[PDB]
Amino acid sequence: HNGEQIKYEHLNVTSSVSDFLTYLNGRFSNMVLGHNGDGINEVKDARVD
Amino acid sequence: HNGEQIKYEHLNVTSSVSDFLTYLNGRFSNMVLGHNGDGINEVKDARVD
Amino acid sequence: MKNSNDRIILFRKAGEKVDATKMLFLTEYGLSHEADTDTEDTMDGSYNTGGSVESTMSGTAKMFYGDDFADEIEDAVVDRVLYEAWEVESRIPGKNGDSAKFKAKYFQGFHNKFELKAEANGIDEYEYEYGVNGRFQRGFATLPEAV
Amino acid sequence: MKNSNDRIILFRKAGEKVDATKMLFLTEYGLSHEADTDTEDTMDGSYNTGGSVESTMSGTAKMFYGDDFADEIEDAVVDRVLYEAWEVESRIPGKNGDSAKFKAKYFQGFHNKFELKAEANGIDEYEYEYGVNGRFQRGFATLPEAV
Amino acid sequence: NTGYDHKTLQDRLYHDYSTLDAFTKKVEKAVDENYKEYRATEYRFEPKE
Amino acid sequence: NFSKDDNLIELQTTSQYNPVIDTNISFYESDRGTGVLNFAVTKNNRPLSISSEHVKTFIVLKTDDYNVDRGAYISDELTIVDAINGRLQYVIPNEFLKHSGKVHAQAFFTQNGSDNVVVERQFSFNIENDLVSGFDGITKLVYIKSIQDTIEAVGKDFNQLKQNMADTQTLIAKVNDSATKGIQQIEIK
Amino acid sequence: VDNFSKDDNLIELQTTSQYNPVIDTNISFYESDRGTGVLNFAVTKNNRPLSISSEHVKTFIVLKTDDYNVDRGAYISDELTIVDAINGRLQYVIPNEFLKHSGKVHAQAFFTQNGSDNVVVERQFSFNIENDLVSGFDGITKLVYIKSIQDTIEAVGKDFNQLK
Amino acid sequence: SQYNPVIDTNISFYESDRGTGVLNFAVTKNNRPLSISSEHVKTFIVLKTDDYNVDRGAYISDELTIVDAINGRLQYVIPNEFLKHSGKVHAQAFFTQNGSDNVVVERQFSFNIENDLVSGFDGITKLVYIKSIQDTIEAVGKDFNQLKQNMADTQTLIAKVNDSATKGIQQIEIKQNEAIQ
């Protein structure tokens, strides 16, 4: 089977495994090599629509 | 199926799902994180979609 | 680190359940396991045959007056009676409830050879070769008379 | 220029991935490669046949109380289990990123023979012959416990 | 929005986005299905039936 | 490129008595800005990911002839490259080379927020002498480049904050100029 | 506990009355970690893990440097911070202090019965900790640099308060 | 649960300094007063008043005065301008032997200095040893990072004041790009 096929069902949530694994890898990559800082200002700016 | 019978291709990176899960678990058990602040890592994790 | 004389070596006939004894005045004792593996060639590669293993042990000892055991051995080699022997290493007791019995190897087979030898003005020495006849089992065994 | 005792020699069963150990108290260790080439004659000339090569290594060592490895060997020769061994020369590290691991030869085969020997008032010595079962690979390998 | 505390905002954003995406995807799937059904019932050039 | 970026040493971040090792790395005296040490960190057997955001890594370096009247020692930061793979490199300084012979090194990491640190190997290292010499840097040099760069960066941050606070008065002029240029571009086309 | 410590040591502390002389553990900490020294003890009765909970036996570990003396040395007894009450997994974080006391350090476990004076004690071990170029190398420059940063903060604070 | 760091080096604070804030410290090396010299050792002291917000900070840093080396005493005369702050002045002393040992003994303490002179010379005094190059940054790292974060807060306030008009620039460019259509 191709990885896009198989379904990963969490609570009330449907998604493949390939997409989920890519999302896990992207999370790891962002948490590691993603620049950070001024989180409070980031949130207070994200408050806008 | 026992995992190894599955394909997983992304960004011209073909591999088996059962191997990629081990790779992710490895990267997670080797990931390092610092107490940058009171939510900096949290927002950095949320930065993906 | 083990002085050879620590190795204790017993024999007895299978039929005589009660009987027990030990070999005395060993000078040189040697065990052996001989694997018969002769690969026969193949076009695509080679295969290593798994053959039988004729294990045997040879010991030489002395022969004194207060013992006839060696005579029992030179009897068995001829009469081809079965025997069973115990290669027990002393100073190595059990682990839980087997302390009185020390580690040993047990194996049953025949005595394949007896050869004694004399030398003017010297004690006569008898050598024996014993074929083990199969797999040698492990465990612990108890000595007689605390020696 | 290499003192023999620099040669370090390890074994382990293929199945037991985690397991690792080393041979101790070697006295004489000898490797061997034996080429079987018997030319059969020809009218116009002669041709040198290229035959198999049954490489094997024989080592003798001593046997003490804080070790049973030699017993595992005398078990394998009988049970004819597979093993794999490492002839690592210490004081010879990698070249780029393999310094912790020193040069070695790796080969997998069976133990073809075990023969121990005793001698009154002396430590018992066990010798072993190991068949390599094919080509011996090269590279570098890491020691355990820094020794 | 469905009343369930998560471990992190990332998990919450993921679940909500996936719910919305599945909803919009189910909607367009139903749309395409109805359109194909109408095209069938209009044209209907299957001699085998 | 021309540089000695071929070497590579692994640092096992494990508590199993990883002893000192002669990495067999012999730069030369007349080598400036081209002596590089490629470190690859490994947690237990596979590479330990890293980042300049969460943690901050430094290395200590000390010649073997280190005395009070003559020696050498430093402690300076790293240059993480391919962090996810647990890889990084260190550009050898220029003043340290003048001191030749054996060298001991070390690489220690500090996790932000907690200041709890980690020390990996305490490995060895070599440096040789060449014929381009004659000047003697006998004066022992000991400078904590980490805290030195810290104070320098704090000063530069204060200065940049001052410049930004000064520019805050120019932002209205920027807005007006941008609006005027937009109106001009509209009236043009 | 975090995913940054060493935590590459699995010690098999078996409650066997037969014999458990000593463990000359192959382990080091380099004296400069001082923030993450983790010991992952296992527990077994004969060959299987134990099932110890908080309501059940409480845990204790005693640490003692090699050369302990009322004037010189180190000795303490603290908790274990149980991880898994099923497989007997006990992760103990070493204090910030002993890692400053270079050299060897012996240790031992201790299990108290929750609700009775009965206790149990496990096999010893010795996790040496070596010296490091980080915990040495000078006895002036550190003071010089702390003084320099103090002067810099005391100075820049004036301009900072001014511009603020 | 006792401790015995093997450096046998301590820097004690005389309780008999209740007058005129003449901080008279003593040194003990192997339970012995260590003879010091200007070159043999080095010293340092930092004092910060109670938690003033930013306005009145008695933040002083100065070396010591060798009153008696052979006896092992170190005097520090409190500046009159400093003791005006009647707030509890936290204090950090640092002594360093430079005897081929990386010992930098630090003493954290405080008292209740009055506008006239040192008063209430109490407070649970602790001591530490800087035996590693990471806490030299962490020794004064607390207030250092505090001021760093204050500077960063002012910087982000300035950045928000600037974005207030950068957003206007964005609105301008977008409205113009829409009008040209």
Around E:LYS36 (Cβ within 15 Å, Cβ-to-Cβ, excluding E:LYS36; K/R +1, D/E -1) the net charge comes to -3
Rounded to two decimals, the Debye log10 I(q)/I(0) of the protein assembly as shown (Cα scatterers, no solvent) at q = 0.05, 0.06, 0.08 Å⁻¹ is -0.51, -0.71, -1.09
Rounded to one decimal in nm, the spacing of the 7 Å Cα→Cβ label points at E:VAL31 and F:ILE188 is 4.1
Expressed as a whole-number percentage, the relative contact order of region F:61-189 with C-alpha contacts under 8 angstrom and at least six residues apart is 25
Gyration tensor on Cα atoms of region C:76-147, a ≥ b ≥ c root eigenvalues, a/c under 1.5 rounded, else prolate if a/b beats b/c, else oblate, says oblate
Ranked on Cβ counts within 10 Å of their own Cβ, fewest leading, F:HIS104, D:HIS33, B:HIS35, F:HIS54 go D:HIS33, B:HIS35, F:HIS104, F:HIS54
Excluding near-sequence neighbours (fewer than 8 apart on one chain), chain H holds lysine pairs with C-alpha atoms under 14 Å apart numbering 4
Note to self: C-alpha centroids of region H:1-70 and region C:1-79 sit apart, in Å, by 81
Quick calc, B:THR22 & G:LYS164: beta-carbon distance into FRET formula, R0 60 Å, rounding 0.05, result 0.70
Given the candidates F:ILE84, F:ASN44, F:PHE2, the one whose Cα lies deepest towards the positive end of the charge dipole of region F:1-131, counting +1 at each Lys or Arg C-beta and -1 at each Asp or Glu C-beta, is F:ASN44
With the label set 7 Å along Cα→Cβ, A:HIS1 is separated from its counterparts in the other copies, in nm and shortest first, by 0.6
Counting only residues 5 or more apart in sequence or on a different chain, those whose built amide H sits under 5 Å from that of H:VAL104 are H:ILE130
The correct pairing of chain C residue and whole-Å distance, for the Cβ nearest the axis that maps C onto D, is C:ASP38, 17
Given unit charges at Cβ for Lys, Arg (+) and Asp, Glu (-), the dipole magnitude of region F:90-179 about its Cα centre in debye, nearest 20, is 100
Within chain F, the percent of DSSP beta bridges that are antiparallel, given to the nearest 5, stands at 75
per DSSP, antiparallel bridges as share of beta bridges in the protein assembly as shown, % nearest 5, sits at 95
Filtered hits (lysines, Cα-Cα < 17 Å from D:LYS95, offset >= 8 within chain) -> D:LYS103, D:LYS105, F:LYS4
For the F:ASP130, G:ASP24 Cβ pair and Förster radius 45 Å, calculated FRET efficiency rounded to 0.05 is 0.50
Contact order relative to length for chain C, counting C-alpha pairs under 8 Å separated by 6 or more residues, stands in percent at 25
Net charge (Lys, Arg +1; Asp, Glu -1) of residues whose beta-carbon lies under 13 Å from that of F:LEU78, F:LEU78 excluded, is -2
Where a ≥ b ≥ c are root eigenvalues of the Cα gyration tensor, a/c under 1.5 meaning rounded, otherwise prolate if a/b exceeds b/c and oblate otherwise, region H:1-48 counts as oblate
Listed residues G:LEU143, G:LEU90, G:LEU99; largest mean-square fluctuation, Gaussian network over chain G with Cα springs below 10 Å, found at G:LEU143
In debye to the nearest 20, the charge dipole size for chain A, taken about the Cα centre with +1 at each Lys and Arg Cβ and -1 at each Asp and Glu Cβ, equals 120
Cross-link reach from C:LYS62 to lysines, straight Cα distance under 23 Å and at least 8 residues apart if same chain, gives C:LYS2, C:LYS13, C:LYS22, C:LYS113, C:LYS117, D:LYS117
With a ≥ b ≥ c from the Cα gyration tensor eigenvalues, square-rooted, and the rule rounded for a/c under 1.5, otherwise prolate when a/b > b/c and oblate otherwise, chain G is prolate
As straight-line cross-link partners of G:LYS104, the qualifying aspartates and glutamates (C-alpha separation under 12 Å, not fewer than 8 residues apart within one chain) are G:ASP24, G:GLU31, G:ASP66, G:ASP67, G:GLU130
A correct fewest-to-most ranking of F:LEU78, G:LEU10, H:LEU127 by other Cβ atoms within 10 Å would be G:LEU10, H:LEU127, F:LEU78
Of all trypsin sites (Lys or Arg not before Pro) in region H:7-63, the ones in DSSP coil with at most 12 other Cβ atoms within 10 Å are H:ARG56
Quick calc, region G:65-164, dipole around Cα centre from Cβ unit charges on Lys, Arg (+) and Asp, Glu (-), nearest 20 debye, gives 280
Given a Förster distance of 56 Å, the FRET efficiency implied by the Cβ-Cβ spacing of D:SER32 and B:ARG47, rounded to the nearest 0.05, works out to 0.30
Around F:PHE2 (Cβ within 14 Å, Cβ-to-Cβ, excluding F:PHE2; K/R +1, D/E -1) the net charge comes to -1
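Heads up, the Cβs are rebuilt from the backbone with ideal geometry, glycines too, and the neighbour counts pull from every protein chain shown. Readers should treat all values here as calculations from the given coordinates under stated rules, not as data from a laboratory.
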